[PDB]
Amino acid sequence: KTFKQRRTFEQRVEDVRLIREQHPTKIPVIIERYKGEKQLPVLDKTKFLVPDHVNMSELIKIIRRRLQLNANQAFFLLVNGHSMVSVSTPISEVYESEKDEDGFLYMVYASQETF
């Protein structure tokens, strides 16, 4: 069901290695709906190539646009299982401290802060 369930550790590591070779300026991001979520739609895909200069605040605006949300739908984004301490950090920094051992950056979204 979830990305980590669908692909082996060996498979995830090799995909990250091919993104490094072919999209060297991009952060490989896995974005998933909270298994509890009722209100927000599911995304059209799971694996995202995010330009490494964008900060978390802009990435939240990107995903809100992808979901086609309006001004007063709530949207919370967990990185590596937890709240972002700051939305102003460049995703290249966030990656180095929050990356998985397979080399993806894992994010989860919901309409409640309580996931």
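Here the rigid core means the biggest group of C-alpha atoms that line up within 1.5 Å when the two forms are laid on top of each other. Just count from 1 along the sequence shown to find any residue number.
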| query | finding |
| --- | --- |
| Higher-deviation segment by CA RMS in 8 other deposited structures of this protein, core fitted, 20-28 or 90-98 | 20-28 |
| Stretch with greater C-alpha deviation in 8 other deposited structures of this protein, 75-83 versus 61-69 (rigid core superposition) | 75-83 |
| Higher-scoring stretch by recorded Cα B factor average, 36-44 or 50-58 | 36-44 |
| Which of 63-71 and 25-33 has higher mean CA B factor, as the PDB entry lists it | 63-71 |
